[PDB]
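Shown next, in structure tokens, is the structure this report addresses.
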Amino acid sequence: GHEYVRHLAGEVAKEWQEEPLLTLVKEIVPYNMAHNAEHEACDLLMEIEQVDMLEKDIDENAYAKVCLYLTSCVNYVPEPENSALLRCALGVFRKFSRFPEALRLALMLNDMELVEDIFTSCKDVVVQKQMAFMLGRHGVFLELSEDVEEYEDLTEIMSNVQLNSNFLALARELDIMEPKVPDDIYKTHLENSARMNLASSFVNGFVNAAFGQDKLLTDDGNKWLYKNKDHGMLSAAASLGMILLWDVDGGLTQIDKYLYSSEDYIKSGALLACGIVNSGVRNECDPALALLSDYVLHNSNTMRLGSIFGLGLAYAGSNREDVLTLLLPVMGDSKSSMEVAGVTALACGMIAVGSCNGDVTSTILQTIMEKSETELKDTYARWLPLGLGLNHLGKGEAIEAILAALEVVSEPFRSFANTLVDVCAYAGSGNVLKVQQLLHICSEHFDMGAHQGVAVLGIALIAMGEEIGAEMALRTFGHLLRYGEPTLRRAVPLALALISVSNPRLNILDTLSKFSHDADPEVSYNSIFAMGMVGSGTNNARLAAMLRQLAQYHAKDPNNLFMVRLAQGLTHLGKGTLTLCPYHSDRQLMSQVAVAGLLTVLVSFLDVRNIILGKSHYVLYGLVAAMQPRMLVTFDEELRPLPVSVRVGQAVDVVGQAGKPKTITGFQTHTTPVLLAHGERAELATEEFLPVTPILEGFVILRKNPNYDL
Amino acid sequence: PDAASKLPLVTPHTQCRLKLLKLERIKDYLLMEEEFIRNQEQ
Amino acid sequence: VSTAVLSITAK
Amino acid sequence: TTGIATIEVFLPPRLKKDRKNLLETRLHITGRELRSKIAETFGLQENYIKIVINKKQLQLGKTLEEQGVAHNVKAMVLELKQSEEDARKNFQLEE
Amino acid sequence: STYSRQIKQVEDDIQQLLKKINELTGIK
């Protein structure tokens, strides 16, 4: 009897927590495999904690269902069951020679040795090519050995040196090579100062990002570059490197003209542009380390400001020893201002994000200790914990000692640093206990309440792991905005932007539009920038209409108008071909570099009045670290483009129900060089080709199906 | 529909550990919401 | 009031 | 071998050539000489390109040995829109 | 259906908590 054995398995699971039991489970599990009730068998081993021998009893016809069920349960179970579940599912995948999806789980585990072992064990060169594509998208690089066959192509794929050419191939394919002037975004003719020039420079950088062509800077841009004034003249030059993103040869050619300027602002903006150009792509000759290294100890603080941030963006998520050893002494330098120390913290955190680097942590802690309380009152000091927090991004319980080291620090900076590092350690984990602690922090009303904004941001930074926590945190953010103190509610728009970046869902956009025209100027700026961030790179027509209406409303307010222009530039990022979402591979893999960049921008937005609206708007270029293309290329065995027919539609959960359910709904058929919106999956419409990886995102390699045309 | 009380759609429909975990996450966030609101109202 | 007992801390 | 260092030169992709090229040379030759050599053998203008060598910048005035170059080091070639001497001039005019 | 009683209890708790949230926050 099926019901009797189900009840027996339930009773066995109940009494295990309280010899023949092993025989009972070893007989029940194959039955559930036979009668297609895989998830009940998975629950059995999950309860009695013997998921080890579940692998031995898996057949070819059911590995996908058990793997998907085990992986989907990880986001909602705490440690140490996360590691056990990931390793069991990875072992099941490896036993079945499904190398790409095993590498996905290894990247989830953040086990570098396991990733290298999976990459090396596979014998299929094409499968290794696809896995190198996933590694390059994730920002993970393996130092392969020379005896490995096809070393050059594998390293080139992992280093993303071909990303720029493929992106330009898309742009030519979608005939969107034409540059867009910021006036095309503003559409001021339909409407019935240095700040606006800086806003237009930022829009010009955002819209034409990674395209390499521009009607306003690739021409004789000295007129436009000098049209800005003072520190805005900093960012415009840096924007010139944003158009040439991922193009470390052409971009550095177009930036070198500005490296000879007698003006410090243009020179350091161009240094930051050189750093931006090298972001993502991993060149072997290290051009960014060659150009920006000589200006990290310059007399001018602007020289250092551009150079350190450029080097951090270029080598973000790399954990390079040479760059870190070159950047660490900048913190303790006497001539380094608190701005330079904060930007050094940001760069060092971005370079060694999620690596728990000992030198970075020790140097940041020493810098924090040496600063006096009056110095710690400076808001740029807030970047020091962030670089520390980025050092331990997603590590979890590895910050306790660091927390102890932070106990001696004086308040209120001690509370701010503690909250920031505690949040960063549990980023993308969904730990409801940590979110409960953050809500406890946000509960107490109060200078004194600086860390409350960080706690509000951290609620989103933890709940971003999966959709259930995301929507629940949306409700929590509504409550915080209703009941919070003004310092509490100035960060809620930033949390909304973080939790739904490049995902312009209607409810969040409406919530931000309600608070866009708010009495408090800071929450208004944050709400407008969050409207820009939420629909960043989506080319949302409705969001563009709201932003144009806001520009009409905020015409007389320079700060609000600047924020509106920034949001408009973000909405049309990369002409709709780029995304800032830190989650890829069906929103299951968290890119530490993207999270680092988003944090660098959003935490700095907690002082939008003095940082973003002041002389430090260049920190917006941290979004470059999070700039990835919403990609779908099908390549042949020799990496040449292969136009194929695919069906693109909103992703549908498959776990649970049996059969072969449709994974997409409301789909349409397009040729493969197409852009995927957030939450949109793509599947091969025909059976002519077999993808190397199940996930049809980024660069995908297709093989000829022998069964087709039998 | 019911506006504020739109809860996320839990999957799968079949009763299993995964659905229990998703529903418990929803319950945890609702409990945290209740605590926060009861603290802020007073 | 009293710390709400979440599912995780129930152990 | 025999004072021969094969620099691993990385050319720009706009010149559709081999991505990685070996170039053997002696070590006490000056940076200007090295720049001229990579200009001539790979067909580029001597004064219109910049060499990034050993993760640093090529010091034209100084010889290769004092820059710390060695065997199998990598050198990336960057093309220039304006030459290194007239760019400063026209930017000084653009003041 | 070993979690049927647990799922039912959690769903009832969810509904009670949602009703309490609506009562405290107003929305009527």
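Chain A is the first sequence line, chain B the second, and so forth, proteins listed ahead of strands; every chain is numbered from 1. FYI, side chains are in, hydrogens and waters are out, and symmetry mates aren't considered; it's all heavy atoms of this structure.
Applying the salt bridge (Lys or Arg N to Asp or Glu O under 4.0 Å) criterion to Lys223(A), with sequence neighbours excluded, gives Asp220(A). Every salt bridge (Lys or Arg N to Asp or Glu O under 4.0 Å) that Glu84(D) has, sequence neighbours left out, goes to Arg35(D). Partners of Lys229(A) under the side chain to side chain contact (heavy atoms under 4.5 Å, CB included) rule, at least two apart in sequence or in another chain, are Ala194(A). With sequence neighbours left out, the side chain to side chain contact (heavy atoms under 4.5 Å, CB included) criterion links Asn204(A) to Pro182(A), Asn208(A), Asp214(A), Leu216(A), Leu217(A), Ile243(A). Partners of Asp607(A) by salt bridge (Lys or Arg N to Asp or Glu O under 4.0 Å), not counting sequence neighbours: none found. Considering only residues two or more places apart in sequence or on other chains, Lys257(A) meets the salt bridge (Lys or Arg N to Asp or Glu O under 4.0 Å) condition with none of them. Under the rule for a side chain to side chain contact (heavy atoms under 4.5 Å, CB included), the partners of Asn160(A) that lie at least two apart in sequence or sit in another chain are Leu163(A).
For residues 565-583 of chain A, no pair satisfies salt bridge (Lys or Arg N to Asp or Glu O under 4.0 Å), with sequence neighbours left out. Identified under the ring-ring contact (aromatic ring centres under 6.0 Å, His included) test for residues 305-344 of chain A, with sequence neighbours left out: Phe309(A)-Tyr618(A). Applying the ring-ring contact (aromatic ring centres under 6.0 Å, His included) rule to pairs touching residues 208-229 of chain A yields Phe167(A)-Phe211(A), sequence neighbours excluded. Each salt bridge (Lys or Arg N to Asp or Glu O under 4.0 Å) pair with one or both residues in residues 324-344 of chain A, not counting sequence neighbours, appears once here: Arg304(A)-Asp333(A).
Side chain to side chain, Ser268(A) and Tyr295(A) fail the donor-acceptor criterion of an N or O pair below 3.5 Å.
Aromatic ring pairs are classed by plane angle as parallel below 30°, tilted from 30° to 60° and perpendicular above 60°; the pair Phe413(A) and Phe416(A) is parallel.
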Output a table of donor-acceptor pairs, distance under 3.5 Å, between side-chain atoms of residues 324-332 of chain A and any protein atom two or more places apart or on a different chain; print 'none' if there are none.
| unit_1 | atom_1 | unit_2 | atom_2 | d |
| --- | --- | --- | --- | --- |
| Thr325(A) | OG1 | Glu321(A) | O | 2.5 |
| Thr325(A) | OG1 | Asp322(A) | O | 2.8 |

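Two residues are said to be in side-chain contact when any heavy atoms from C-beta on lie closer than 4.5 Å; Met464(A) and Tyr583(A) meet this criterion.
Ring-centre distance between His617(A) and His231(A): not below the 6.0 Å cut-off.
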